[PDB]
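Chains as they are written, first to last, in the entry's author numbering: chain q, 4 to 72; chain m, 4 to 83. Note sheet for the following structure.
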């Protein structure tokens, strides 16, 4: 008969050993640019809302002071 | 200067950025245009009942009826 030992048609195809750890492109300083940007949004909006809340504050004190007598 | 700051910002970014937030936090309250607004706001909120005074024999201003305009006007806050 023939022999049943293993090796097949040669090569088993290619195999990739070498190291790969790629792909993060979002990082220049521009990460700072987007974060600091987010701050620049927060202070804008929050500024507005605190102004509004002061307006309400004066209005409430007006309620009280009109009550006082 | 340039090399010194490049090197301290190469080694210890936390400390450099800390001094930046510090210093800018020191100077900027002096320059910015919005400063006075905060003061005038804070002074515009009464905590204490406005108390009338004897009117006759005085210089006319800050008039009796609350609608009569002669007094101070925070309308600038009404639209801002």
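Cβ coordinates follow ideal geometry from the N, Cα and C atoms, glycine included.
### Message
Any heavy atom of the ligand MN closer than 7 Å to the beta-carbon of residue 42 of chain m?
### Response
Judged by which ligands are present, the structure shown has none, so any question about the ligand MN falls away.
### Task
Hey, could you find the ends of the alpha helix (DSSP H) residue 48 of chain m is sitting in?
Premise fails: residue 48 of chain m is in no alpha helix (DSSP H) and is neither H nor E.
### Message
Closest to residue 35 of chain q by C-alpha separation, out of m:49, m:48 and m:16, would be which residue?
### Response
m:16
### Query
Taking the alpha carbon of residue 71 of chain q as the point to measure from, which residue in m:54, m:81, m:64 and m:75 has its own alpha carbon closest?
m:54
### Task
Using the Cα positions of residue 49 of chain q and residue 38 of chain m, report the straight-line distance between them to the nearest angstrom.
17 Å
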